[PDB]
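Enquirer: Data: run-v3.pdb, PDB, C-alpha atoms and all ligand atoms.
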```pdb
MODEL        1
ATOM      1  CA  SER A   1     -42.977  -9.910   0.326
ATOM      2  CA  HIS A   2     -39.693 -11.802  -0.349
ATOM      3  CA  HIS A   3     -40.152 -15.506   0.695
ATOM      4  CA  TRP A   4     -37.238 -16.970  -1.314
ATOM      5  CA  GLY A   5     -34.616 -19.099   0.429
ATOM      6  CA  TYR A   6     -32.549 -22.284  -0.044
ATOM      7  CA  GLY A   7     -35.095 -24.993   0.923
ATOM      8  CA  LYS A   8     -36.796 -27.544  -1.375
ATOM      9  CA  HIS A   9     -39.922 -25.314  -1.474
ATOM     10  CA  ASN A  10     -38.324 -21.827  -1.857
ATOM     11  CA  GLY A  11     -34.812 -22.546  -3.202
ATOM     12  CA  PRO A  12     -32.966 -21.754  -6.448
ATOM     13  CA  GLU A  13     -35.277 -23.886  -8.656
ATOM     14  CA  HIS A  14     -38.271 -21.701  -7.559
ATOM     15  CA  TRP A  15     -36.676 -18.214  -7.801
ATOM     16  CA  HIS A  16     -37.564 -17.694 -11.505
ATOM     17  CA  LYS A  17     -41.313 -17.446 -10.669
ATOM     18  CA  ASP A  18     -40.795 -14.151  -8.752
ATOM     19  CA  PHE A  19     -37.465 -13.147 -10.424
ATOM     20  CA  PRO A  20     -37.719 -14.165 -14.111
ATOM     21  CA  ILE A  21     -34.143 -12.843 -14.764
ATOM     22  CA  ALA A  22     -33.126 -16.104 -12.955
ATOM     23  CA  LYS A  23     -33.211 -17.600 -16.517
ATOM     24  CA  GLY A  24     -31.353 -14.630 -18.079
ATOM     25  CA  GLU A  25     -28.285 -14.351 -20.310
ATOM     26  CA  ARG A  26     -25.660 -13.386 -17.660
ATOM     27  CA  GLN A  27     -26.573 -15.262 -14.471
ATOM     28  CA  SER A  28     -24.129 -16.225 -11.696
ATOM     29  CA  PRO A  29     -22.520 -18.307 -10.427
ATOM     30  CA  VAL A  30     -20.937 -20.383 -13.241
ATOM     31  CA  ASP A  31     -18.535 -23.280 -13.564
ATOM     32  CA  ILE A  32     -15.016 -22.040 -14.426
ATOM     33  CA  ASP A  33     -13.567 -24.418 -17.044
ATOM     34  CA  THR A  34      -9.845 -23.799 -16.384
ATOM     35  CA  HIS A  35      -8.799 -25.258 -19.763
ATOM     36  CA  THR A  36     -11.235 -23.012 -21.771
ATOM     37  CA  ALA A  37     -10.568 -19.754 -19.812
ATOM     38  CA  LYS A  38      -8.065 -17.695 -21.814
ATOM     39  CA  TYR A  39      -5.264 -15.421 -20.552
ATOM     40  CA  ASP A  40      -6.214 -11.829 -21.413
ATOM     41  CA  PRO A  41      -3.242  -9.425 -21.822
ATOM     42  CA  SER A  42      -5.724  -6.435 -21.984
ATOM     43  CA  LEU A  43      -6.452  -6.848 -18.202
ATOM     44  CA  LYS A  44      -4.739  -4.062 -16.175
ATOM     45  CA  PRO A  45      -3.166  -4.818 -12.754
ATOM     46  CA  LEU A  46      -5.792  -5.533 -10.034
ATOM     47  CA  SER A  47      -5.697  -3.098  -7.093
ATOM     48  CA  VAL A  48      -7.236  -4.155  -3.747
ATOM     49  CA  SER A  49      -6.874  -1.092  -1.447
ATOM     50  CA  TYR A  50      -8.328  -1.979   1.982
ATOM     51  CA  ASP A  51      -5.809  -0.066   4.208
ATOM     52  CA  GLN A  52      -8.537   2.444   5.271
ATOM     53  CA  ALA A  53     -11.450  -0.075   5.402
ATOM     54  CA  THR A  54     -13.904   0.841   8.217
ATOM     55  CA  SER A  55     -16.094  -2.109   9.298
ATOM     56  CA  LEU A  56     -19.231  -1.183  11.278
ATOM     57  CA  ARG A  57     -21.592  -4.083  11.936
ATOM     58  CA  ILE A  58     -22.342  -7.749  11.327
ATOM     59  CA  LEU A  59     -25.927  -8.772  10.451
ATOM     60  CA  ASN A  60     -27.666 -12.155  10.133
ATOM     61  CA  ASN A  61     -30.102 -11.333   7.265
ATOM     62  CA  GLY A  62     -31.752 -14.815   7.237
ATOM     63  CA  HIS A  63     -29.724 -15.880   4.134
ATOM     64  CA  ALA A  64     -26.093 -15.319   5.274
ATOM     65  CA  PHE A  65     -24.280 -12.858   7.546
ATOM     66  CA  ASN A  66     -22.988  -9.548   6.167
ATOM     67  CA  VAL A  67     -19.991  -7.658   7.560
ATOM     68  CA  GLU A  68     -20.921  -4.083   6.627
ATOM     69  CA  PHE A  69     -18.492  -1.208   5.939
ATOM     70  CA  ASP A  70     -18.651   2.580   5.993
ATOM     71  CA  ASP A  71     -19.007   3.284   2.229
ATOM     72  CA  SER A  72     -19.741   7.048   2.733
ATOM     73  CA  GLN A  73     -16.212   7.797   1.352
ATOM     74  CA  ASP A  74     -13.574   5.890  -0.735
ATOM     75  CA  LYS A  75     -12.101   4.115   2.344
ATOM     76  CA  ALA A  76     -11.737   0.599   0.851
ATOM     77  CA  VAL A  77     -11.812   0.276  -2.955
ATOM     78  CA  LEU A  78     -11.220  -2.201  -5.761
ATOM     79  CA  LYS A  79      -9.787  -0.949  -9.080
ATOM     80  CA  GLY A  80      -7.931  -2.262 -12.129
ATOM     81  CA  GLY A  81      -8.128  -5.716 -13.661
ATOM     82  CA  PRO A  82     -11.246  -5.704 -15.877
ATOM     83  CA  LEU A  83     -12.692  -2.657 -14.064
ATOM     84  CA  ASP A  84     -13.069   0.898 -15.369
ATOM     85  CA  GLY A  85     -13.083   3.361 -12.451
ATOM     86  CA  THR A  86     -13.457   2.968  -8.685
ATOM     87  CA  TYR A  87     -15.568   0.400  -6.784
ATOM     88  CA  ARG A  88     -16.218   0.941  -3.058
ATOM     89  CA  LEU A  89     -16.426  -1.965  -0.565
ATOM     90  CA  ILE A  90     -19.913  -2.072   1.066
ATOM     91  CA  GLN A  91     -20.064  -5.572   2.653
ATOM     92  CA  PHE A  92     -18.712  -9.088   2.589
ATOM     93  CA  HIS A  93     -20.471 -12.383   3.246
ATOM     94  CA  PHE A  94     -20.036 -16.112   2.625
ATOM     95  CA  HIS A  95     -21.902 -19.041   1.127
ATOM     96  CA  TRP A  96     -21.225 -22.476   2.652
ATOM     97  CA  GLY A  97     -22.401 -26.054   2.821
ATOM     98  CA  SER A  98     -23.730 -28.629   5.287
ATOM     99  CA  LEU A  99     -20.566 -30.727   4.489
ATOM    100  CA  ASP A 100     -16.999 -29.782   3.407
ATOM    101  CA  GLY A 101     -17.667 -31.187  -0.133
ATOM    102  CA  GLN A 102     -20.102 -28.386  -1.094
ATOM    103  CA  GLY A 103     -20.817 -24.730  -0.322
ATOM    104  CA  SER A 104     -19.161 -22.648  -3.046
ATOM    105  CA  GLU A 105     -21.282 -20.958  -5.731
ATOM    106  CA  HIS A 106     -18.613 -20.838  -8.429
ATOM    107  CA  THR A 107     -17.014 -24.186  -9.248
ATOM    108  CA  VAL A 108     -13.606 -24.898 -10.829
ATOM    109  CA  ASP A 109     -13.722 -27.759 -13.381
ATOM    110  CA  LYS A 110     -16.949 -28.753 -11.500
ATOM    111  CA  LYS A 111     -15.059 -28.840  -8.122
ATOM    112  CA  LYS A 112     -17.138 -27.401  -5.250
ATOM    113  CA  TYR A 113     -15.240 -25.745  -2.378
ATOM    114  CA  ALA A 114     -16.445 -25.794   1.258
ATOM    115  CA  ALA A 115     -17.385 -22.097   1.082
ATOM    116  CA  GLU A 116     -17.005 -18.889  -0.923
ATOM    117  CA  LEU A 117     -16.327 -15.334   0.318
ATOM    118  CA  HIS A 118     -17.911 -12.427  -1.603
ATOM    119  CA  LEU A 119     -16.470  -8.931  -1.113
ATOM    120  CA  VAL A 120     -19.117  -6.651  -2.663
ATOM    121  CA  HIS A 121     -18.167  -3.284  -4.224
ATOM    122  CA  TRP A 122     -20.215  -0.641  -6.072
ATOM    123  CA  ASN A 123     -19.122   1.656  -8.912
ATOM    124  CA  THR A 124     -18.849   5.167  -7.412
ATOM    125  CA  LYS A 125     -19.767   6.736 -10.849
ATOM    126  CA  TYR A 126     -23.418   5.766  -9.963
ATOM    127  CA  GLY A 127     -23.387   7.558  -6.566
ATOM    128  CA  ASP A 128     -25.188   4.872  -4.444
ATOM    129  CA  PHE A 129     -25.544   1.082  -4.305
ATOM    130  CA  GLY A 130     -29.251   1.214  -5.281
ATOM    131  CA  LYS A 131     -28.427   3.088  -8.531
ATOM    132  CA  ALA A 132     -25.340   0.892  -9.178
ATOM    133  CA  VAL A 133     -27.365  -2.392  -9.185
ATOM    134  CA  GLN A 134     -29.467  -0.994 -12.101
ATOM    135  CA  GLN A 135     -26.314  -0.797 -14.307
ATOM    136  CA  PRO A 136     -24.493  -3.596 -16.185
ATOM    137  CA  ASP A 137     -21.163  -2.388 -14.681
ATOM    138  CA  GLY A 138     -22.626  -1.343 -11.305
ATOM    139  CA  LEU A 139     -20.921  -3.872  -8.974
ATOM    140  CA  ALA A 140     -17.655  -5.782  -8.697
ATOM    141  CA  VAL A 141     -17.681  -8.860  -6.473
ATOM    142  CA  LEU A 142     -14.326 -10.362  -5.465
ATOM    143  CA  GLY A 143     -14.905 -14.099  -4.889
ATOM    144  CA  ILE A 144     -12.501 -16.197  -2.795
ATOM    145  CA  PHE A 145     -12.820 -19.961  -2.310
ATOM    146  CA  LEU A 146     -12.472 -21.557   1.131
ATOM    147  CA  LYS A 147     -11.059 -25.069   1.623
ATOM    148  CA  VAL A 148     -10.863 -26.858   4.985
ATOM    149  CA  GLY A 149      -7.334 -27.290   6.344
ATOM    150  CA  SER A 150      -5.353 -24.984   8.639
ATOM    151  CA  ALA A 151      -7.202 -22.164  10.468
ATOM    152  CA  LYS A 152      -7.352 -18.695   8.852
ATOM    153  CA  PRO A 153      -6.248 -16.380  11.703
ATOM    154  CA  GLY A 154      -7.888 -13.333  10.016
ATOM    155  CA  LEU A 155     -11.295 -15.120  10.051
ATOM    156  CA  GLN A 156     -11.381 -15.912  13.798
ATOM    157  CA  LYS A 157     -12.845 -12.494  14.877
ATOM    158  CA  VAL A 158     -15.764 -13.169  12.483
ATOM    159  CA  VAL A 159     -16.242 -16.756  13.822
ATOM    160  CA  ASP A 160     -16.197 -15.563  17.450
ATOM    161  CA  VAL A 161     -19.055 -13.015  16.978
ATOM    162  CA  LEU A 162     -21.435 -15.526  15.256
ATOM    163  CA  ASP A 163     -22.770 -16.767  18.669
ATOM    164  CA  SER A 164     -24.207 -13.191  19.122
ATOM    165  CA  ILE A 165     -26.074 -13.148  15.727
ATOM    166  CA  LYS A 166     -27.465 -16.708  15.666
ATOM    167  CA  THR A 167     -30.901 -15.797  14.254
ATOM    168  CA  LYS A 168     -32.375 -13.719  11.416
ATOM    169  CA  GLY A 169     -32.484  -9.972  12.149
ATOM    170  CA  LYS A 170     -29.777 -10.027  14.871
ATOM    171  CA  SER A 171     -26.792  -7.664  14.446
ATOM    172  CA  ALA A 172     -23.703  -6.774  16.501
ATOM    173  CA  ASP A 173     -21.019  -4.082  16.523
ATOM    174  CA  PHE A 174     -18.155  -5.175  14.303
ATOM    175  CA  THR A 175     -15.706  -2.275  14.166
ATOM    176  CA  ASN A 176     -11.965  -2.344  13.391
ATOM    177  CA  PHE A 177     -12.059  -5.604  11.377
ATOM    178  CA  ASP A 178      -9.372  -5.733   8.655
ATOM    179  CA  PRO A 179     -10.648  -7.694   5.612
ATOM    180  CA  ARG A 180      -7.045  -7.962   4.282
ATOM    181  CA  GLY A 181      -6.736 -10.931   6.681
ATOM    182  CA  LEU A 182      -9.173 -12.915   4.440
ATOM    183  CA  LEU A 183      -7.154 -12.736   1.185
ATOM    184  CA  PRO A 184      -4.826 -15.416  -0.196
ATOM    185  CA  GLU A 185      -1.215 -14.519  -1.217
ATOM    186  CA  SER A 186      -1.885 -14.468  -5.000
ATOM    187  CA  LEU A 187      -4.305 -12.107  -6.794
ATOM    188  CA  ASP A 188      -4.417 -14.377  -9.912
ATOM    189  CA  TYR A 189      -8.078 -14.383 -10.984
ATOM    190  CA  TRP A 190     -10.754 -15.282 -13.506
ATOM    191  CA  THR A 191     -13.312 -12.668 -14.576
ATOM    192  CA  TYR A 192     -16.649 -12.682 -16.412
ATOM    193  CA  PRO A 193     -19.843 -10.596 -16.536
ATOM    194  CA  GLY A 194     -22.642 -11.931 -14.325
ATOM    195  CA  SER A 195     -25.279 -11.290 -11.710
ATOM    196  CA  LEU A 196     -26.169 -11.202  -8.044
ATOM    197  CA  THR A 197     -26.419 -14.858  -6.935
ATOM    198  CA  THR A 198     -29.521 -14.191  -4.771
ATOM    199  CA  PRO A 199     -32.804 -12.511  -5.658
ATOM    200  CA  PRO A 200     -33.205 -10.019  -7.190
ATOM    201  CA  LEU A 201     -30.488 -11.706  -9.398
ATOM    202  CA  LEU A 202     -29.723  -8.376 -11.136
ATOM    203  CA  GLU A 203     -27.262  -8.615 -14.058
ATOM    204  CA  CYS A 204     -24.997  -5.844 -12.695
ATOM    205  CA  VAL A 205     -21.824  -7.680 -11.539
ATOM    206  CA  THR A 206     -18.300  -7.934 -12.870
ATOM    207  CA  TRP A 207     -17.125 -11.140 -11.162
ATOM    208  CA  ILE A 208     -13.455 -11.422 -10.145
ATOM    209  CA  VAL A 209     -12.820 -14.920  -8.721
ATOM    210  CA  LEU A 210      -9.380 -15.548  -7.199
ATOM    211  CA  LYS A 211      -7.697 -18.799  -8.272
ATOM    212  CA  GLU A 212      -5.926 -19.404  -4.912
ATOM    213  CA  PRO A 213      -8.316 -20.591  -2.149
ATOM    214  CA  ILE A 214      -7.826 -19.640   1.491
ATOM    215  CA  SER A 215      -7.635 -22.404   4.101
ATOM    216  CA  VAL A 216      -9.975 -22.303   7.113
ATOM    217  CA  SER A 217     -10.190 -24.903   9.876
ATOM    218  CA  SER A 218     -12.983 -27.465  10.245
ATOM    219  CA  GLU A 219     -13.731 -25.738  13.609
ATOM    220  CA  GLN A 220     -14.167 -22.325  11.867
ATOM    221  CA  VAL A 221     -16.610 -23.589   9.205
ATOM    222  CA  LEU A 222     -18.502 -25.723  11.795
ATOM    223  CA  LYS A 223     -19.286 -22.405  13.573
ATOM    224  CA  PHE A 224     -20.752 -20.986  10.306
ATOM    225  CA  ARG A 225     -23.064 -24.060  10.265
ATOM    226  CA  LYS A 226     -24.455 -23.266  13.778
ATOM    227  CA  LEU A 227     -26.112 -20.058  12.480
ATOM    228  CA  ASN A 228     -29.883 -20.114  11.878
ATOM    229  CA  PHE A 229     -32.019 -19.092   8.876
ATOM    230  CA  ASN A 230     -34.970 -18.648  11.300
ATOM    231  CA  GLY A 231     -35.679 -15.803  13.700
ATOM    232  CA  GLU A 232     -35.401 -15.967  17.510
ATOM    233  CA  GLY A 233     -38.000 -18.245  19.140
ATOM    234  CA  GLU A 234     -38.811 -20.014  15.814
ATOM    235  CA  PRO A 235     -38.117 -23.679  14.955
ATOM    236  CA  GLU A 236     -34.368 -24.108  14.320
ATOM    237  CA  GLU A 237     -33.321 -24.277  10.638
ATOM    238  CA  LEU A 238     -29.515 -24.440  10.443
ATOM    239  CA  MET A 239     -28.030 -21.887   8.029
ATOM    240  CA  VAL A 240     -26.269 -24.358   5.685
ATOM    241  CA  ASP A 241     -26.262 -24.846   1.889
ATOM    242  CA  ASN A 242     -26.988 -21.146   1.234
ATOM    243  CA  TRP A 243     -25.424 -21.414  -2.274
ATOM    244  CA  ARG A 244     -26.927 -21.164  -5.751
ATOM    245  CA  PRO A 245     -25.624 -23.823  -8.179
ATOM    246  CA  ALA A 246     -23.754 -22.991 -11.407
ATOM    247  CA  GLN A 247     -25.917 -21.406 -14.139
ATOM    248  CA  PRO A 248     -25.602 -21.625 -17.939
ATOM    249  CA  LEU A 249     -22.567 -19.714 -19.297
ATOM    250  CA  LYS A 250     -24.591 -18.720 -22.448
ATOM    251  CA  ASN A 251     -22.730 -16.168 -24.669
ATOM    252  CA  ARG A 252     -19.861 -15.469 -22.202
ATOM    253  CA  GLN A 253     -16.106 -15.972 -21.994
ATOM    254  CA  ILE A 254     -14.186 -16.348 -18.751
ATOM    255  CA  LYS A 255     -10.859 -14.485 -18.911
ATOM    256  CA  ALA A 256      -7.740 -15.388 -16.866
ATOM    257  CA  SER A 257      -5.348 -12.742 -15.443
ATOM    258  CA  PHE A 258      -2.444 -15.216 -15.501
ATOM    259  CA  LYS A 259      -0.527 -16.920 -18.311
TER     260      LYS A 259
HETATM  261  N1  LIG A 301     -40.287 -17.702  -6.401
HETATM  262  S1  LIG A 301     -39.681 -17.593  -4.814
HETATM  263  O1  LIG A 301     -39.406 -16.208  -4.523
HETATM  264  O2  LIG A 301     -38.596 -18.542  -4.676
HETATM  265  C1  LIG A 301     -40.939 -18.077  -3.662
HETATM  266  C2  LIG A 301     -41.024 -19.391  -3.272
HETATM  267  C3  LIG A 301     -41.983 -19.766  -2.354
HETATM  268  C4  LIG A 301     -42.855 -18.821  -1.838
HETATM  269  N2  LIG A 301     -43.843 -19.143  -0.892
HETATM  270  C5  LIG A 301     -43.530 -20.177  -0.057
HETATM  271  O3  LIG A 301     -43.956 -21.298  -0.238
HETATM  272  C6  LIG A 301     -42.557 -19.906   1.047
HETATM  273  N3  LIG A 301     -43.213 -19.400   2.221
HETATM  274  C7  LIG A 301     -44.441 -19.843   2.646
HETATM  275  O4  LIG A 301     -45.331 -20.380   2.003
HETATM  276  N4  LIG A 301     -44.484 -19.553   3.979
HETATM  277  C8  LIG A 301     -43.273 -18.971   4.489
HETATM  278  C9  LIG A 301     -42.778 -19.672   5.738
HETATM  279  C10 LIG A 301     -43.166 -18.762   6.876
HETATM  280  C11 LIG A 301     -43.032 -17.381   6.300
HETATM  281  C12 LIG A 301     -43.432 -17.510   4.853
HETATM  282  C13 LIG A 301     -42.398 -19.164   3.298
HETATM  283  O5  LIG A 301     -41.173 -19.117   3.306
HETATM  284  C14 LIG A 301     -42.758 -17.509  -2.240
HETATM  285  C15 LIG A 301     -41.795 -17.130  -3.148
HETATM  286  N1  LIG A 302     -24.029 -13.189  -3.509
HETATM  287  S1  LIG A 302     -23.681 -11.772  -4.283
HETATM  288  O1  LIG A 302     -23.941 -11.901  -5.692
HETATM  289  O2  LIG A 302     -22.374 -11.293  -3.892
HETATM  290  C1  LIG A 302     -24.846 -10.559  -3.696
HETATM  291  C2  LIG A 302     -24.398  -9.317  -3.273
HETATM  292  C3  LIG A 302     -25.307  -8.378  -2.829
HETATM  293  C4  LIG A 302     -26.642  -8.711  -2.805
HETATM  294  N2  LIG A 302     -27.663  -7.863  -2.379
HETATM  295  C5  LIG A 302     -27.539  -6.724  -1.665
HETATM  296  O3  LIG A 302     -26.480  -6.217  -1.286
HETATM  297  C6  LIG A 302     -29.001  -6.340  -1.440
HETATM  298  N3  LIG A 302     -29.283  -5.004  -0.985
HETATM  299  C7  LIG A 302     -29.798  -4.001  -1.762
HETATM  300  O4  LIG A 302     -30.246  -4.088  -2.897
HETATM  301  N4  LIG A 302     -29.681  -2.880  -1.000
HETATM  302  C8  LIG A 302     -28.859  -3.065   0.162
HETATM  303  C9  LIG A 302     -29.483  -2.436   1.375
HETATM  304  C10 LIG A 302     -29.155  -0.991   1.132
HETATM  305  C11 LIG A 302     -27.880  -0.971   0.310
HETATM  306  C12 LIG A 302     -27.496  -2.415   0.116
HETATM  307  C13 LIG A 302     -28.789  -4.537   0.191
HETATM  308  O5  LIG A 302     -28.338  -5.186   1.114
HETATM  309  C14 LIG A 302     -27.102  -9.937  -3.219
HETATM  310  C15 LIG A 302     -26.196 -10.865  -3.667
HETATM  311 ZN    ZN A 303     -22.676 -13.865  -2.317
ENDMDL
END
```
Rewrite the structure of this file - the entire thing - as structure tokens.
Ligand SMILES: NS(=O)(=O)c1ccc(NC(=O)CN2C(=O)NC3(CCCC3)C2=O)cc1
Ligand SMILES: NS(=O)(=O)c1ccc(NC(=O)CN2C(=O)NC3(CCCC3)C2=O)cc1
Ligand SMILES: [Zn+2]
Expert:
Amino acid sequence: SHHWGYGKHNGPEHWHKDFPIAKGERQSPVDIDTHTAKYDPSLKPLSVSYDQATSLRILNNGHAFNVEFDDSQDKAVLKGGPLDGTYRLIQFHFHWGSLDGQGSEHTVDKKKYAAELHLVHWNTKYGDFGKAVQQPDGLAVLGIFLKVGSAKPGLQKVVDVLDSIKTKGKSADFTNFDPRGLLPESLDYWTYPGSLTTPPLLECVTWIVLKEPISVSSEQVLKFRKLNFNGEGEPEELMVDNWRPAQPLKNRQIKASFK
């Protein structure tokens, strides 16, 4: 069974033994060299359409927490930019650090942010998420950096439910949450072809990483760091540093949406 994690004995440097694609040609995350990334005029306007998003549940899966959506219809979709066709929102989650100076998966000129939000979408031409992850253009993940400063009001409903999902396998109702409250003002982005950043590390993702970080308060991210990797009644292992470091760019170009 899956025994991967983020510790010294099961962390990113071990994953390749059970998931050899860990050393593949389009792995994520990567460092975004802002000087090398080139403006691409072929990129179409990005369309984030979350007006009808229907959140259902929040789950501690032992690696992060997922806010899950009803993806049984096109209620919340991502289109445009580098994408051909329609990608349906299925879940979002975060990666974060033990300290404000680390936590993001992508880096910007080697800068690590305190955390990174991943809004995960699947290409509806493949019918279901399980089929989509077997395709090179199966998923689109919208990545948003978090820095510590002023509170993000749209995050507080997430922060306040974390006490109820402290341990692995716990879930709670999480209806009527509007993910539009987690976006920054600008949709300027970088894009490149990559992978899931956790096992099974499938090379099925078009990454769209927003340039503008959101600000969250120290108090908000400190509540992320009170979650547990362990299950109920097990020795406490704080859920911190659940990020994979930058992987080799190999034969890839990062494109910028902005001049
Ligand atoms: N290539 S990999 O997927 O990263 C990878 C890395 C390590 C391991 N095996 C491990 O050492 C980790 N493992 C244990 O030995 N015992 C537990 C703790 C209690 C439940 C199971 C655990 O987590 C398996 C796969
Ligand atoms: N950090 S990341 O790259 O954004 C990223 C995003 C997603 C994932 N993995 C998944 O969503 C894993 N997974 C499946 O394969 N099947 C389900 C259960 C049934 C449908 C969805 C599931 O949860 C891993 C990393
Ligand atoms: Zn992620």
Enquirer: Between CA of residue 206 (chain A) and CA of residue 157 (chain A), what is the distance in Å, rounded to a tenth?
Expert: 28.6 Å
Enquirer: Check the smallest atom-to-atom distance from each of A:223, A:125, A:259, A:131 to residue 160 (chain A) using all atoms listed in the file, then report the winner.
Expert: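 Among the listed residues, A:223 lies closest to residue 160 (chain A).
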Enquirer: Which residues form the shell of 10 Å around ligand LIG 302 (chain A) when you count only C-alpha atoms and all ligand atoms, given as an MDAnalysis selection string?
Expert: chainID A and resid 27:29 61 63:64 66 68 90:95 105 116:122 128:134 139:143 194:207 242:244
Enquirer: Would you compute the distance between CA of residue 54 (chain A) and CA of residue 77 (chain A)? Give it in Å to one decimal.
Expert: 11.4 Å
Enquirer: Using Å and a single decimal, report how far CA of residue 158 (chain A) sits from CA of residue 76 (chain A).
Expert: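 According to the coordinates, CA of residue 76 (chain A) and CA of residue 158 (chain A) are separated by 18.5 Å.
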Enquirer: Which residues are close to residue 65 (chain A), i.e. within 12 Å by all atoms listed in the file, leaving aside same-chain residues fewer than 5 positions away? Reply as a PDB file with C-alpha atoms, in the frame of the given file.
Expert:
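Output saved as selection16.pdb:
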```pdb
ATOM      1  CA  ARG A  57     -21.592  -4.083  11.936  1.00  0.00           C
ATOM      2  CA  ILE A  58     -22.342  -7.749  11.327  1.00  0.00           C
ATOM      3  CA  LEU A  59     -25.927  -8.772  10.451  1.00  0.00           C
ATOM      4  CA  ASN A  60     -27.666 -12.155  10.133  1.00  0.00           C
ATOM      5  CA  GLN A  91     -20.064  -5.572   2.653  1.00  0.00           C
ATOM      6  CA  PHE A  92     -18.712  -9.088   2.589  1.00  0.00           C
ATOM      7  CA  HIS A  93     -20.471 -12.383   3.246  1.00  0.00           C
ATOM      8  CA  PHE A  94     -20.036 -16.112   2.625  1.00  0.00           C
ATOM      9  CA  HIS A  95     -21.902 -19.041   1.127  1.00  0.00           C
ATOM     10  CA  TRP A  96     -21.225 -22.476   2.652  1.00  0.00           C
ATOM     11  CA  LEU A 117     -16.327 -15.334   0.318  1.00  0.00           C
ATOM     12  CA  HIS A 118     -17.911 -12.427  -1.603  1.00  0.00           C
ATOM     13  CA  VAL A 158     -15.764 -13.169  12.483  1.00  0.00           C
ATOM     14  CA  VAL A 159     -16.242 -16.756  13.822  1.00  0.00           C
ATOM     15  CA  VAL A 161     -19.055 -13.015  16.978  1.00  0.00           C
ATOM     16  CA  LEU A 162     -21.435 -15.526  15.256  1.00  0.00           C
ATOM     17  CA  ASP A 163     -22.770 -16.767  18.669  1.00  0.00           C
ATOM     18  CA  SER A 164     -24.207 -13.191  19.122  1.00  0.00           C
ATOM     19  CA  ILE A 165     -26.074 -13.148  15.727  1.00  0.00           C
ATOM     20  CA  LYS A 166     -27.465 -16.708  15.666  1.00  0.00           C
ATOM     21  CA  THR A 167     -30.901 -15.797  14.254  1.00  0.00           C
ATOM     22  CA  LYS A 168     -32.375 -13.719  11.416  1.00  0.00           C
ATOM     23  CA  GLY A 169     -32.484  -9.972  12.149  1.00  0.00           C
ATOM     24  CA  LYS A 170     -29.777 -10.027  14.871  1.00  0.00           C
ATOM     25  CA  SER A 171     -26.792  -7.664  14.446  1.00  0.00           C
ATOM     26  CA  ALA A 172     -23.703  -6.774  16.501  1.00  0.00           C
ATOM     27  CA  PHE A 174     -18.155  -5.175  14.303  1.00  0.00           C
ATOM     28  CA  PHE A 224     -20.752 -20.986  10.306  1.00  0.00           C
ATOM     29  CA  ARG A 225     -23.064 -24.060  10.265  1.00  0.00           C
ATOM     30  CA  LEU A 227     -26.112 -20.058  12.480  1.00  0.00           C
ATOM     31  CA  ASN A 228     -29.883 -20.114  11.878  1.00  0.00           C
ATOM     32  CA  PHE A 229     -32.019 -19.092   8.876  1.00  0.00           C
ATOM     33  CA  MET A 239     -28.030 -21.887   8.029  1.00  0.00           C
ATOM     34  CA  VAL A 240     -26.269 -24.358   5.685  1.00  0.00           C
ATOM     35  CA  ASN A 242     -26.988 -21.146   1.234  1.00  0.00           C
TER      36      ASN A 242
END
```
Enquirer: Using all atoms listed in the file, find each residue of chain A with at least one atom at most 9 Å away from an atom of ligand LIG 301 (chain A); report its shortest atom-to-atom pair and that distance in Å (one decimal), sort the rows by chain and rising residue number, and return the result as CSV.
Expert:
```
residue,atom,partner,partner_atom,distance
A:1,CA,A:LIG301,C14,8.0
A:2,CA,A:LIG301,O1,6.1
A:3,CA,A:LIG301,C14,4.4
A:4,CA,A:LIG301,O1,3.9
A:5,CA,A:LIG301,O2,6.5
A:6,CA,A:LIG301,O2,8.5
A:7,CA,A:LIG301,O5,8.8
A:9,CA,A:LIG301,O3,5.8
A:10,CA,A:LIG301,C2,3.9
A:11,CA,A:LIG301,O2,5.7
A:12,CA,A:LIG301,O2,6.7
A:13,CA,A:LIG301,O2,7.4
A:14,CA,A:LIG301,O2,4.3
A:15,CA,A:LIG301,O2,3.7
A:16,CA,A:LIG301,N1,5.8
A:17,CA,A:LIG301,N1,4.4
A:18,CA,A:LIG301,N1,4.3
A:19,CA,A:LIG301,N1,6.7
A:20,CA,A:LIG301,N1,8.9
A:199,CA,A:LIG301,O1,7.7
```
Enquirer: Listing only residues of region 120-167 of chain A within 10 Å of region 97-101 of chain A, what is the closest atom pair and its distance in Å (to one decimal) for each, using only C-alpha atoms, sorted by chain and residue number ascending, as CSV?
Expert:
```
residue,atom,partner,partner_atom,distance
A:146,CA,A:100,CA,9.7
A:147,CA,A:100,CA,7.8
A:148,CA,A:100,CA,7.0
```
Enquirer: Expand the PyMOL selection byres (((chain A and resi 39-50) around 10) and not hetatm) into the explicit residue set it covers here, and present it as a ChimeraX atom specification.
Expert: /A:36-38,51-54,74-84,86-89,142,178-180,183,187-191,208,254-259
Enquirer: Pick out the residues sitting within 8 Å of residue 30 (chain A), and hand them over as an NGL selection string; count all atoms listed in the file, and ignore anything fewer than 4 positions along from it in its own chain.
Expert: :A and (105-107 or 245-249)
Enquirer: Find the residues near residue 182 (chain A): any atom within 9 Å, counting only C-alpha atoms, skip ones fewer than 4 places away on the same chain, and give them as a PyMOL selection string.
Expert: chain A and resi 117+144+152-155+178+214
Enquirer: With distances taken over only C-alpha atoms and all ligand atoms, which residue among A:232, A:184, A:123, A:103 lies nearest ligand ZN 303 (chain A)?
Expert: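 Smallest distance to ligand ZN 303 (chain A) is found for A:103.
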Enquirer: Around region 193-201 of chain A, fit a box with edges along x, y and z, padding it by 5 Å on each side, then list its centre and edge lengths in Å to one decimal as JSON.
Expert:
```
{"center_x": -26.5, "center_y": -12.4, "center_z": -10.7, "size_x": 23.4, "size_y": 14.8, "size_z": 21.8}
```
Enquirer: Pick out the closest residue to ligand ZN 303 (chain A) from this set: A:104, A:34, A:253, A:236. Count only C-alpha atoms and all ligand atoms.
Expert: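 Closest residue, counting only C-alpha atoms and all ligand atoms: A:104.
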